[PDB]
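Note sheet for the following structure.
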Amino acid sequence: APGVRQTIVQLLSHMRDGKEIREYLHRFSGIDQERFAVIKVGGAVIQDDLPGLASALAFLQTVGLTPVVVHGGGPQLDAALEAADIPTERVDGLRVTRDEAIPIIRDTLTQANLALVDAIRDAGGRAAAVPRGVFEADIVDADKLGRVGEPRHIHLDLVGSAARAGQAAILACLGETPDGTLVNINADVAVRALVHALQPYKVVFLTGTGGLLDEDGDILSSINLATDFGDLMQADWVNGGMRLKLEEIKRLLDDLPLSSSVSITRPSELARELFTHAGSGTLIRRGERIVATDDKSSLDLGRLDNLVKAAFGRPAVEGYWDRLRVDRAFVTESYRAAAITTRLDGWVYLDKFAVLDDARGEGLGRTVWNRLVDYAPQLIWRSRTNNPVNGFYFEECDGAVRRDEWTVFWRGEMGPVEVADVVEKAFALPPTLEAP
Amino acid sequence: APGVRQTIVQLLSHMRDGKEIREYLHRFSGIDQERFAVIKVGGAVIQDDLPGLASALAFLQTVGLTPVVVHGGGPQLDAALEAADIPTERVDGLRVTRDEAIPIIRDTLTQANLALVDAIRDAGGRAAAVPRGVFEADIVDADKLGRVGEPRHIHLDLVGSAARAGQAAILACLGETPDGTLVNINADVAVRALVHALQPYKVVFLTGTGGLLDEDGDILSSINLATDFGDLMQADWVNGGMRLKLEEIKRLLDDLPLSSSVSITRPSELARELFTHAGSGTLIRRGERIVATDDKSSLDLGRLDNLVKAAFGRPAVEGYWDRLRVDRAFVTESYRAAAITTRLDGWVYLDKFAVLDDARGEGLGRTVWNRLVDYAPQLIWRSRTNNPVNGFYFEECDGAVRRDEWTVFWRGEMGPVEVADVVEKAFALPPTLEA
Amino acid sequence: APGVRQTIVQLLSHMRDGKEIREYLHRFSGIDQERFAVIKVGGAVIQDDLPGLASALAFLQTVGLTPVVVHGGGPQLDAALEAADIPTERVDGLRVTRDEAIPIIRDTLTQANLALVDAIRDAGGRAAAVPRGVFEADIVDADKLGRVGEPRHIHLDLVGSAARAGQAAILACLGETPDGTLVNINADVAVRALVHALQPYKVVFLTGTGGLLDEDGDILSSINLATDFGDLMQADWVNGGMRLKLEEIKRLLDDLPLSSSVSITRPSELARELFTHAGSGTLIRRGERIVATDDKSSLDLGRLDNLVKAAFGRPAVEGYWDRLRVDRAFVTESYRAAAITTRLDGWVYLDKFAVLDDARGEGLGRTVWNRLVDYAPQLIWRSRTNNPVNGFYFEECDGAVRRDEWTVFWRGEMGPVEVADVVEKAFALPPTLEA
Amino acid sequence: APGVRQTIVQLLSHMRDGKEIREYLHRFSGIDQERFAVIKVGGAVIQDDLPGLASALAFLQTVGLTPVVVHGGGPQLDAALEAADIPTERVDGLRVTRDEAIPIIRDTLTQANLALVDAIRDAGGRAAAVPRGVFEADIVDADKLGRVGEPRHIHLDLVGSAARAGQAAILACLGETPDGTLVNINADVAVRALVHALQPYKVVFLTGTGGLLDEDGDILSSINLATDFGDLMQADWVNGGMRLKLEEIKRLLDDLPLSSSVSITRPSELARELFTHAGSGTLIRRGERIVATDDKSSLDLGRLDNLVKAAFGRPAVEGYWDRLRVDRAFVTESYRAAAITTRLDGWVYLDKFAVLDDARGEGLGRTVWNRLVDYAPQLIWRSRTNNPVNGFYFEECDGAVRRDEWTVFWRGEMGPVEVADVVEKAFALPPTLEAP
């Protein structure tokens with residue numbers, strides 16, 4: 001194994017979008033090599049675009065990553081079994097495939113599966129086709145739904161055989177009960193059980209839609225279940241469809257570490273989505289709630305002082321928290337990220353902003369900032385010249401002001417005359433953390 | 001992938017027998033994806049010698065060849081883990097595995113199967129494990145034999161997915177009826193159906209035995225079903241066992257092109273057997289019958305002169321064939337191997353013996369010799385000292401005689417005084433090929 | 001050899017900064033055998049960090065580049081094994097090694113040298129150790145300094161024998177007078193003579209220090225001898241040490257083509273320094289003086305429009321240059337980097353700033369900025385929000401102002417109220433490049 | 001290291017001339033990798049045939065072998081220093097190179113050396129040029145011979161650096177005294193000291209002559225110093241030249257294990273010489289004396305019975321050695337190989353022929369056979385049908401006779417009538433070793 005990595009990495013060291021690939025490699029250097037990625041795909045894409053999914057899969061595996069790919073044959077089977085016939089039966093709320101449809105789906109996927117594995121190989125990747133035997137599942141209903149079952153135990157045995165070898169495990173979605181009765185698993189129950197078993201770092205659904213949509217119909221650049229979910233279920237414009245995947249993605253992530261994430265995208269924007277700070281697709285985390293409030297008394301000072309000591313590096317001076325006045329407060333449920341407003345000549349003033357190393361990487365330091373600006377469109381703050389984080393402040397503000405030691409910033413459509421006054425004030429505020 | 005294929009020629013280009021690999025392999029340009037090779041193995045070898053088969057399979061695939069390997073779990077299943085949980089195997093005709101044994105064989109082979117695929121990768125080969133879903137088979141008997149079935153249709157779909165990628169398709173021996181009923185195919189019916197479907201160039205069973213035996217117990221260097229089979233079934237020393245595989249191998253080849261062949265061997269002699277003109281193991285063809293004749297006139301001279309020019313390397317001098325007298329003639333149907341007797345002072349005398357490089361390797365040069373000695377127990381012939389073949393002549397004869405240039409031989413329980421005369425004649429006979 | 005060269009492109013073809021290696025390397029198609037790179041190192045690094053230099057050298061050579069490395073044994077010889085047998089080094093001008101120290105330095109470097117070549121091979125590189133016989137040198141002083149000499153003629157014969165084979169020629173720092181008298185060249189005179197002989201494109205000293213320092217003690221991101229040198233010698237904070245290497249590096253480059261450049265760095269920042277437009281270490285060129293002017297007329301417009309089309313990517317609108325008013329103009333001699341001031345309400349205003357990709361990497365875009373600020377302590381300019389350069393503008397300014405599309409900047413100790421006016425002007429100024 | 005071998009060997013397994021290359025590889029698998037081969041070369045070959053030596057060297061190294069090559073510049077310097085001048089001085093009995101010739105030979109060889117290393121690389125091999133620093137040597141005479149010295153200690157340090165890397169160490173023949181005085185070593189003293197230090201298995205001198213000559217002028221297919229040497233020094237036709245190399249080669253081998261050998265040949269016959277059982281060049285061993293005699297009483301029976309028990313596998317029946325009559329006896333000094341003649345109806349009869357496994361491989365079983373036939377041109381013997389050694393008997397005889405169990409052979413221009421009688425006798429002789 002330590003053979004392909006070294007160079008594939010001495011590569012990744014110098015690039016614009018490199019720092020965030022070599023490290024996946026090191027993390028899953030070994031053993032959790034498949035713990036890299038799960039990836040679902042609706043029947044359509046593989047059919048109408050056999051070639052793009054394929055071009056994609058071969059980049060992850062060559063980089064050291066390991067897609068463990070799963071596919072259904074929505075459209076090729078959905079339509080191919082009507083050519084044949086006896087296609088209708090969807091008993092409870094989803095598809096019943098009675099004894100007659102068994103041989104079709106085998107033969108179809110298996111056809112396609114290879115089509116995909118070979119499509120994968122065509123693209124320069126390495127992969128193993130693993131189209132039977134992954135899902136042990138119990139058939140739970142004999143009469144009604146016909147011949148459909150449920151994932152009870154997972155033989156990861158096979159995937160690892162492909163992966164260990166640097167192959168993308170291309171699991172199709174069929175299964176065998178443990179006595180052998182071949183069964184059709186609708187792929188979602190499959191993906192879960194699977195994501196469960198594997199604990200990948202990322203899980204993606206490839207569709208032709210290739211992004212998800214807001215009220216205005218634009219692509220959705222991230223969700224945060226932790227906060228967003230309830231609302232999100234509960235809006236009309238959110239069409240029937242969009243409430244359920246969200247149900248399911250919350251479980252998928254509710255059952256993985258948070259360190260996990262998710263996109264849903266079209267193959268073409270696949271590149272821009274995993275490794276950049278904008279992108280084109282939906283990434284979904286569970287992320288964490290933010291706690292708000294104007295009520296300095298509802299917050300844990302012992303604990304926040306405990307938050308602060310770790311982010312920056314100093315403890316607040318004595319008698320300080322008592323003295324703080326305070327306008328509005330944002331603490332994410334775990335007291336590892338927080339934002340605080342005092343006031344000044346009417347201007348909302350950012351007093352302290354502290355995000356622990358773990359929180360920034362989860363992309364949380366960043367949700368925080370967001371309720372803070374939704375609430376304060378006109379905002380002033382200051383900052384040490386070296387706080388290497390200054391750069392994010394310049395990217396976001398509509399104002400700046402630098403002296404040797406300190407730099408006062410502002411964010412709002414104000415003209416400097418106005419600003420100069422509170423700003424002058426801002427340079428004058430004293431240091432809140434002790435000495436240099 | 002970069003370093004592999006290349007660092008295989010400018011490697012085997014600095015040695016003596018490099019032309020025979022390029023020439024059997026290039027001639028083995030039956031890529032046809034996987035139409036390369038089928039390969040049975042008895043349960044035993046994988047167990048007691050996981051490592052050998054494995055070392056072997058990795059040479060074919062890196063060379064450009066493509067073993068499509070298949071395996072049962074004879075001993076590992078026969079014994080341990082079937083005897084462990086004390087289930088026990090029930091035989092009616094051959095083995096009945098009733099509903100109880102299903103989970104064991106899956107779980108056992110599947111174990112071992114990966115054991116082998118990983119054994120394969122351990123050895124530096126590329127392979128895919130294809131341990132379920134190749135054999136669609138019908139369970140034909142419900143009550144009696146329990147849960148056992150029969151190959152009706154073959155999804156080569158899988159093998160080609162491994163092979164196409166340069167993987168040794170390592171199909172283990174289980175199957176699914178088309179409705180799904182998991183079933184135990186006893187491997188033979190599997191291999192046939194399979195070899196049927198595939199039409200490989202070569203098909204080899206691997207066993208501990210690693211060779212097959214004659215009357216005297218020595219390894220058997222080739223058979224020729226075409227001629228040998230009838231007798232071969234019909235000899236007592238030929239033990240019960242040895243009659244049937246021959247029954248089956250006749251079918252396997254009877255159902256493949258003749259261009260096909262077959263070894264049965266232990267991993268260790270696998271090297272010497274495929275690509276050399278001696279070897280160590282059993283190669284089996286169907287070959288062709290030879291018809292026996294004294295009739296110079298019933299033979300194709302234009303064509304034999306065509307056979308001779310290729311074996312040795314000179315053409316017969318003018319007016320020769322017409323001149324040739326001829327006591328008796330053996331040509332294998334294809335005019336690529338032949339043996340000819342003239343006469344001399346009563347002694348049957350080998351005049352010419354030519355077997356083309358292809359025929360030698362098929363083990364046919366060698367059937368030819370056989371009717372020739374069944375017919376002439378007392379025999380004389382001669383030969384050049386360098387004809388590197390000489391060794392075989394000395395292994396066989398019961399006489400020799402060497403002078404710098406030529407060497408007269410004889411094969412018969414005669415005392416030199418008798419012999420000396422025809423022999424002296426033998427040295428005297430002139431060269432039949434030019435300078 | 002098969003797997004190496006190839007598994008280097010379809011590898012660095014699936015990443016963002018792959019064009020800059022292909023483009024500095026292909027542009028670095030100064031194979032000229034070894035005319036690739038020279039590389040000094042102080043005794044220390046090889047000792048305390050045998051492994052780093054080593055990890056480094058193996059990247060150049062596998063890439064197609066060819067480090068011709070040279071080494072002294074500063075610390076290993078200075079201390080241990082010279083202090084061990086208690087000989088001790090005698091300095092008159094710099095170091096005298098009288099007859100007694102000969103065997104030590106041979107034996108020491110030669111040790112270490114292999115240590116490095118093997119360190120090199122450990123790292124997956126290819127190299128040849130070339131630890132005697134490169135420096136033919138004359139011992140000029142017999143009595144005083146003891147046994148020390150001077151490089152008169154260079155046998156590159158050896159280096160090319162290692163390099164031609166894809167070996168990092170690892171010349172250690174000993175020499176033989178032409179009659180044979182083994183001699184200790186203090187390495188500098190060696191490196192010069194050597195860089196002289198070789199004409200590499202780049203030449204780098206490796207030290208623990210791994211960067212060079214300014215007044216404030218920060219790493220120095222580039223010098224420009226052409227302009228900087230005089231001042232540079234002539235500053236007190238510039239400590240004794242820092243004046244001389246600069247003396248020597250001026251000569252080294254004064255004697256190479258300008259196309260040459262130079263880092264001085266610690267192994268760890270070696271990556272970021274050669275192939276990026278920021279980096280971490282000292283790059284030194286001779287660069288060229290800039291002459292200072294307010295005379296629009298003394299500048300080559302056809303040629304500047306030629307400079308501008310390349311940096312940004314649009315051409316100026318018609319009748320423009322004629323229109324341009326112009327307070328002051330900085331063009332580096334080569335018309336590949338330039339800065340221009342118009343005016344506005346009294347404020348010097350940066351109108352255009354264009355540095356071609358080549359100039360940036362030479363660290364020249366950056367000298368330019370320098371006379372521009374020495375001249376205009378109070379300065380205003382503007383900029384697109386995306387011009388990925390913006391960051392440098394924010395690192396420098398003492399003012400900013402952002403709106404969706406554009407961003408007005410300023411650099412001076414002014415209070416926003418003053419500024420707001422010219423700034424409001426700044427946002428108002430129209431685009432100078434088309435759409 | 002275990003990287004290049006495996007395949008380079010799975011290669012060598014099937015060939016006509018293969019069994020005798022893979023094993024050199026295994027022997028010198030590691031560590032004694034340079035203990036593979038030394039190789040000298042006269043100035044001429046590298047000049048007039050830069051390309052052949054070169055084509056040669058690259059086959060050994062690619063096969064796993066490791067030539068450690070040494071060269072002088074006989075002709076290119078011999079002639080190039082007369083262009084210059086002051087070329088004459090050969091003080092004792094060989095060449096004096098006074099202070100003036102130092103810079104020439106450096107500069108010449110070093111030129112050529114690289115020429116050879118590059119010639120080596122041109123040929124597809126891997127090599128390192130190691131043209132200074134191998135020979136530490138003392139200059140022993142200051143005034144007379146000018147500036148020439150003598151090999152006192154050997155830094156093998158360098159060779160191993162090339163070899164370890166799979167390079168053919170191409171040592172040129174210059175040296176440095178330990179204080180540094182550059183000196184010219186005439187290459188022979190160099191080769192010895194070197195062969196000494198290295199203990200290679202084979203050592204070869206490449207010349208344009210490319211073989212050595214007998215009385216009749218034909219190429220000499222092997223010598224055996226052990227026996228041949230005294231005579232060999234002592235024959236007139238043996239010209240002045242041919243007595244001395246033989247002096248030197250005896251020392252070279254007298255100071256290496258016997259397991260060693262030697263050819264002297266032209267590059268073109270280099271292929272046929274190391275790996276076949278004829279060849280074209282001279283191979284030289286020390287080999288071992290053969291002891292002869294008709295005197296059964298001068299031989300060690302306890303010991304021969306000790307020889308016999310190991311070769312075949314049986315001990316002679318009781319009272320046997322006493323009974324043996326005996327015509328002529330050949331024992332090589334070490335009692336590990338022997339040949340014995342009794343008589344029968346006048347015909348010299350080979351009674352026992354036993355060569356221990358070690359002796360056959362030294363090629364000694366084979367010298368033995370040779371005095372035995374020089375002495376008995378008409379010879380009869382017999383042999384078991386399976387004694388796998390039968391084949392050598394057929395290659396050599398001018399007669400045969402096979403029955404199921406035994407086979408009677410003869411060697412001589414006799415007609416079978418004559419022979420049949422002693423032969424009939426031969427089949428009738430009883431087994432000398434006990435039962436099957």
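In the structure tokens, the first chain shown is A, the next is B, and so on; residue numbers restart at 1 for each chain, and ligands run from 1 in the order shown.
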
Handout entry: Shell around residue 414 (chain A) at 9 Å using only C-alpha atoms, local window under 4 positions removed, as a list in words
Key = residues 378, 398, 399, 410, 418 and 419 of chain A

Selection file, N, CA and C atoms, as a tab-separated table (two decimals), in the first residue's frame:
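File produced: result.tsv:
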```
chain	number	residue	atom	x	y	z
A	378	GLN	N	-25.81	45.99	9.80
A	378	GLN	CA	-24.84	47.04	10.00
A	378	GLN	C	-24.02	46.57	11.17
A	398	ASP	N	-17.46	45.36	4.28
A	398	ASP	CA	-17.57	46.42	3.33
A	398	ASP	C	-16.80	47.56	3.95
A	399	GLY	N	-15.82	47.27	4.78
A	399	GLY	CA	-14.98	48.33	5.31
A	399	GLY	C	-13.77	47.82	6.03
A	410	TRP	N	-15.43	47.28	9.27
A	410	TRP	CA	-16.88	47.38	9.40
A	410	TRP	C	-17.55	46.67	8.26
A	418	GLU	N	-19.37	58.63	8.64
A	418	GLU	CA	-20.25	58.11	9.67
A	418	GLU	C	-19.38	57.23	10.51
A	419	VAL	N	-18.91	56.21	9.83
A	419	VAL	CA	-18.08	55.19	10.35
A	419	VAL	C	-16.91	55.71	11.16
```

Closest-contact table, chain C side, partner chain D, 9 Å, counting only C-alpha atoms, as a Markdown table:
```
| residue | atom | partner | partner_atom | distance |
| --- | --- | --- | --- | --- |
| C:99 | CA | D:179 | CA | 9.0 |
| C:102 | CA | D:179 | CA | 7.6 |
| C:103 | CA | D:179 | CA | 7.1 |
| C:114 | CA | D:161 | CA | 7.9 |
| C:117 | CA | D:161 | CA | 8.8 |
| C:118 | CA | D:161 | CA | 8.2 |
| C:121 | CA | D:165 | CA | 8.5 |
| C:126 | CA | D:165 | CA | 9.0 |
| C:128 | CA | D:128 | CA | 7.1 |
| C:129 | CA | D:161 | CA | 8.2 |
| C:130 | CA | D:130 | CA | 8.8 |
| C:132 | CA | D:132 | CA | 7.3 |
| C:133 | CA | D:132 | CA | 7.2 |
| C:157 | CA | D:111 | CA | 7.5 |
| C:158 | CA | D:114 | CA | 7.7 |
| C:160 | CA | D:114 | CA | 8.9 |
| C:161 | CA | D:114 | CA | 6.3 |
| C:162 | CA | D:128 | CA | 7.4 |
| C:164 | CA | D:118 | CA | 8.3 |
| C:165 | CA | D:121 | CA | 7.4 |
| C:176 | CA | D:180 | CA | 8.4 |
| C:178 | CA | D:103 | CA | 6.5 |
| C:179 | CA | D:102 | CA | 6.8 |
| C:180 | CA | D:182 | CA | 5.0 |
| C:181 | CA | D:180 | CA | 6.1 |
| C:182 | CA | D:180 | CA | 5.4 |
| C:183 | CA | D:180 | CA | 9.0 |
```

Filtering to N, CA, C and O atoms, could you give me those residues as a compact mmCIF listing (two decimals), in the first residue's frame?
```txt
# COMPACT_ATOMS: atom_id res chain seq x y z
N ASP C 99 49.37 19.72 7.13
CA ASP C 99 49.47 18.30 6.77
C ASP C 99 48.67 17.31 7.64
O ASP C 99 48.25 16.26 7.16
N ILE C 102 44.66 16.46 6.74
CA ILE C 102 44.32 15.82 5.47
C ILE C 102 43.51 14.55 5.70
O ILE C 102 42.34 14.49 5.33
N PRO C 103 44.11 13.54 6.32
CA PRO C 103 43.36 12.29 6.40
C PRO C 103 41.98 12.40 7.06
O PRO C 103 41.11 11.61 6.70
N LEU C 114 28.90 9.31 1.49
CA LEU C 114 28.19 8.12 1.16
C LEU C 114 26.94 8.19 1.99
O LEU C 114 25.85 7.81 1.55
N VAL C 117 24.75 10.18 -0.30
CA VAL C 117 24.34 9.39 -1.46
C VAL C 117 23.42 8.26 -1.06
O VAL C 117 22.44 7.98 -1.76
N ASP C 118 23.72 7.59 0.05
CA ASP C 118 22.84 6.52 0.49
C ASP C 118 21.56 7.11 1.06
O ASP C 118 20.46 6.65 0.77
N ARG C 121 19.58 7.61 -2.03
CA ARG C 121 18.97 6.37 -2.49
C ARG C 121 17.90 5.89 -1.52
O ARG C 121 16.89 5.33 -1.95
N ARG C 126 18.18 8.66 -7.54
CA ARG C 126 19.32 8.04 -8.20
C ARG C 126 20.45 9.06 -8.13
O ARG C 126 20.27 10.25 -8.39
N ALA C 128 25.12 9.45 -7.87
CA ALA C 128 26.44 8.88 -7.81
C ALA C 128 27.24 9.75 -6.88
O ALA C 128 27.08 10.97 -6.87
N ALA C 129 28.10 9.13 -6.10
CA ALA C 129 28.90 9.83 -5.11
C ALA C 129 30.15 10.25 -5.80
O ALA C 129 30.83 9.42 -6.33
N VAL C 130 30.48 11.52 -5.86
CA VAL C 130 31.68 11.87 -6.61
C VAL C 130 32.65 12.69 -5.79
O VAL C 130 32.95 13.84 -6.12
N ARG C 132 35.91 12.57 -4.83
CA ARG C 132 37.27 13.00 -5.00
C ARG C 132 37.32 13.31 -6.46
O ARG C 132 36.41 12.95 -7.19
N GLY C 133 38.35 14.05 -6.86
CA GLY C 133 38.65 14.29 -8.26
C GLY C 133 37.80 15.20 -9.11
O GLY C 133 37.60 14.92 -10.29
N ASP C 157 34.08 15.92 -15.90
CA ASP C 157 34.02 14.64 -16.57
C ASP C 157 33.16 13.74 -15.75
O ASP C 157 32.29 13.06 -16.26
N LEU C 158 33.41 13.76 -14.45
CA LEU C 158 32.78 12.90 -13.47
C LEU C 158 31.30 13.14 -13.25
O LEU C 158 30.50 12.20 -13.17
N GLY C 160 29.10 14.59 -15.14
CA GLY C 160 28.37 14.14 -16.31
C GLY C 160 28.23 12.64 -16.39
O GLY C 160 27.32 12.17 -17.06
N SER C 161 29.12 11.88 -15.75
CA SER C 161 29.01 10.43 -15.72
C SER C 161 27.93 10.00 -14.77
O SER C 161 27.28 8.98 -14.97
N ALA C 162 27.73 10.76 -13.71
CA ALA C 162 26.64 10.46 -12.81
C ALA C 162 25.30 10.96 -13.38
O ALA C 162 24.42 10.16 -13.68
N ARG C 164 24.40 12.06 -16.55
CA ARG C 164 23.98 11.40 -17.80
C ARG C 164 23.13 10.17 -17.54
O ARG C 164 22.29 9.79 -18.35
N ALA C 165 23.38 9.55 -16.40
CA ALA C 165 22.73 8.30 -16.01
C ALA C 165 21.51 8.60 -15.16
O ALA C 165 20.81 7.71 -14.68
N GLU C 176 42.29 17.42 -5.99
CA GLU C 176 43.66 17.00 -6.18
C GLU C 176 44.36 18.03 -7.03
O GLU C 176 43.85 18.45 -8.07
N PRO C 178 47.00 18.99 -9.72
CA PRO C 178 47.28 18.18 -10.91
C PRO C 178 48.45 17.18 -10.73
O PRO C 178 48.47 16.16 -11.43
N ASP C 179 49.39 17.45 -9.83
CA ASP C 179 50.45 16.47 -9.55
C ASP C 179 49.96 15.44 -8.54
O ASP C 179 50.50 14.34 -8.43
N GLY C 180 48.92 15.81 -7.79
CA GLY C 180 48.25 14.88 -6.91
C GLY C 180 48.00 15.37 -5.51
O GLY C 180 47.11 14.87 -4.82
N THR C 181 48.78 16.36 -5.07
CA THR C 181 48.69 16.79 -3.69
C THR C 181 47.27 17.10 -3.30
O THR C 181 46.72 18.16 -3.64
N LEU C 182 46.68 16.12 -2.61
CA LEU C 182 45.36 16.19 -2.02
C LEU C 182 45.23 17.51 -1.29
O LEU C 182 46.15 17.90 -0.57
N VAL C 183 44.11 18.20 -1.46
CA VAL C 183 43.97 19.52 -0.86
C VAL C 183 42.52 19.83 -0.42
O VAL C 183 41.57 19.28 -0.96
```

Exercise for the section: Apply DSSP to the structure's backbone, then extract all residues of region 186-223 of chain A labelled strand (DSSP E) and return them as a ChimeraX atom specification. Expected result: /A:202-206,223

Handout entry: At most 9 Å to chain B: residues in chain C, only C-alpha atoms, as number ranges by chain
Key = C: 1-4, 6-7

Those same residues, written as an mmCIF file, in the first residue's frame with C-alpha atoms?
```cif
data_model
loop_
_atom_site.group_PDB
_atom_site.id
_atom_site.type_symbol
_atom_site.label_atom_id
_atom_site.label_comp_id
_atom_site.auth_asym_id
_atom_site.auth_seq_id
_atom_site.Cartn_x
_atom_site.Cartn_y
_atom_site.Cartn_z
ATOM 1 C CA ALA C 1 13.061 3.276 -14.817
ATOM 2 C CA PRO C 2 9.886 2.107 -16.551
ATOM 3 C CA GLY C 3 7.434 2.979 -13.812
ATOM 4 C CA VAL C 4 9.141 6.241 -12.838
ATOM 5 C CA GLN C 6 5.575 7.943 -16.739
ATOM 6 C CA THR C 7 3.826 7.598 -13.392
#
```

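Omitting region 318-328 of chain A and its sequence neighbours fewer than 4 positions away, and counting only C-alpha atoms, the residues within 6 Å are residues 293, 294, 341 and 342 of chain A.
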
Quick one: write out the picked residues with N, CA and C atoms as a short mmCIF file (atom, residue, chain, number, x, y, z; two decimals), in the first residue's frame?
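Printed below is result_15.cif as written:
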```
data_model
loop_
_atom_site.label_atom_id
_atom_site.label_comp_id
_atom_site.auth_asym_id
_atom_site.auth_seq_id
_atom_site.Cartn_x
_atom_site.Cartn_y
_atom_site.Cartn_z
N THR A 293 -30.14 34.43 21.93
CA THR A 293 -30.62 35.10 23.15
C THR A 293 -29.91 36.45 23.40
N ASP A 294 -30.62 37.40 24.01
CA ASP A 294 -30.04 38.64 24.57
C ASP A 294 -29.69 38.52 26.04
N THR A 341 -22.23 40.42 20.91
CA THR A 341 -22.48 41.84 20.57
C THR A 341 -22.61 42.74 21.81
N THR A 342 -21.79 43.79 21.94
CA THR A 342 -22.09 44.77 22.98
C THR A 342 -22.58 45.91 22.18
#
```

Practice task
State, in Å with one decimal place, the distance from CA of residue 223 (chain B) to CA of residue 15 (chain D).
Solution key: 25.3 Å

Write out as a compact mmCIF listing (two decimals) with N, CA and C atoms, in the first residue's frame the residues lying within 9 Å of residue 282 (chain D), counting only C-alpha atoms and excluding same-chain residues fewer than 3 positions away.
```txt
# COMPACT_ATOMS: atom_id res chain seq x y z
N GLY D 210 41.26 -13.16 -27.22
CA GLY D 210 40.01 -13.88 -27.02
C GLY D 210 40.06 -15.40 -27.10
N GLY D 211 41.13 -15.95 -26.57
CA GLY D 211 41.24 -17.38 -26.37
C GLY D 211 42.73 -17.52 -26.21
N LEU D 212 43.18 -18.71 -25.82
CA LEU D 212 44.60 -18.96 -25.62
C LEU D 212 44.94 -20.19 -26.47
N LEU D 213 46.22 -20.41 -26.76
CA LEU D 213 46.63 -21.44 -27.73
C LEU D 213 47.57 -22.60 -27.34
N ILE D 219 42.41 -22.95 -30.04
CA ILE D 219 41.90 -22.47 -28.75
C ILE D 219 41.83 -23.62 -27.72
N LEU D 220 42.35 -23.30 -26.53
CA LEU D 220 42.43 -24.10 -25.30
C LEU D 220 41.25 -24.14 -24.33
N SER D 221 40.55 -25.28 -24.37
CA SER D 221 39.23 -25.46 -23.78
C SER D 221 39.17 -25.68 -22.27
N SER D 222 40.34 -25.70 -21.62
CA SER D 222 40.46 -25.74 -20.15
C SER D 222 41.86 -26.15 -19.72
N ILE D 223 42.30 -25.63 -18.58
CA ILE D 223 43.54 -26.10 -17.98
C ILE D 223 43.19 -26.62 -16.58
N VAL D 262 37.89 -19.53 -14.48
CA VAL D 262 38.35 -18.40 -15.26
C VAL D 262 38.35 -18.54 -16.79
N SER D 263 37.93 -17.53 -17.57
CA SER D 263 38.02 -17.68 -18.98
C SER D 263 38.96 -16.61 -19.42
N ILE D 264 39.36 -16.58 -20.68
CA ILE D 264 40.09 -15.43 -21.19
C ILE D 264 39.62 -15.51 -22.59
N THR D 265 38.98 -14.47 -23.06
CA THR D 265 38.30 -14.70 -24.27
C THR D 265 38.02 -13.36 -24.96
N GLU D 273 30.86 -19.50 -23.45
CA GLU D 273 31.81 -19.87 -22.36
C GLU D 273 31.35 -20.04 -20.89
N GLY D 279 31.79 -24.55 -25.30
CA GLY D 279 32.23 -23.16 -25.23
C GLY D 279 33.35 -22.77 -26.18
```
